[PDB]
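Read the structure below first, then the notes.
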Amino acid sequence: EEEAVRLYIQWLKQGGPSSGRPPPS
């Protein structure tokens, strides 16, 4: 699934944009 975005999803999994984290989108 997460490959190239595994490093983004890690953010989105970090707690999500919800957490206040900046999307490495």
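Chain lettering (A, B, ...) mirrors the order of the structure tokens, residue numbering begins at 1 for each chain separately, and ligand numbering begins at 1 in order of display.
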
If you run DSSP on the backbone here, which positions in chain A get alpha helix (DSSP H)? Please write them as a ChimeraX atom specification. /A:9-12

Spatial neighbours of residue A:8, max dist 8 Å, only C-alpha atoms, sep filter under 2 positions, as a tab-separated table (two decimals) with N, CA, C and O atoms, in the first residue's frame:
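Output below, filename around30.tsv:
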```
chain	number	residue	atom	x	y	z
A	5	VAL	N	4.69	7.09	-0.22
A	5	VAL	CA	3.78	7.92	0.51
A	5	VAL	C	3.70	7.32	1.89
A	5	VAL	O	2.83	7.60	2.69
A	6	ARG	N	4.74	6.58	2.17
A	6	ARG	CA	4.83	5.73	3.32
A	6	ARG	C	5.35	6.57	4.44
A	6	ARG	O	5.32	6.26	5.63
A	10	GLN	N	2.80	8.05	7.17
A	10	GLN	CA	3.35	7.93	8.49
A	10	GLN	C	2.92	9.10	9.38
A	10	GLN	O	2.96	9.05	10.60
A	11	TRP	N	2.52	10.14	8.69
A	11	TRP	CA	2.05	11.41	9.25
A	11	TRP	C	0.58	11.31	9.54
A	11	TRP	O	0.06	11.78	10.55
A	12	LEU	N	-0.06	10.66	8.62
A	12	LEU	CA	-1.44	10.49	8.57
A	12	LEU	C	-1.83	9.39	9.54
A	12	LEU	O	-2.97	9.26	9.97
A	23	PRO	N	0.84	18.13	6.51
A	23	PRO	CA	0.89	17.14	5.44
A	23	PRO	C	2.14	17.25	4.57
A	23	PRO	O	2.38	18.27	3.93
A	24	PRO	N	2.95	16.18	4.56
A	24	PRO	CA	4.10	16.03	3.66
A	24	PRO	C	3.65	15.59	2.30
A	24	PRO	O	4.37	14.92	1.55
A	25	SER	N	2.45	15.96	2.05
A	25	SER	CA	1.69	15.58	0.88
A	25	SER	C	2.51	15.71	-0.40
A	25	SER	O	2.76	14.67	-1.05
```
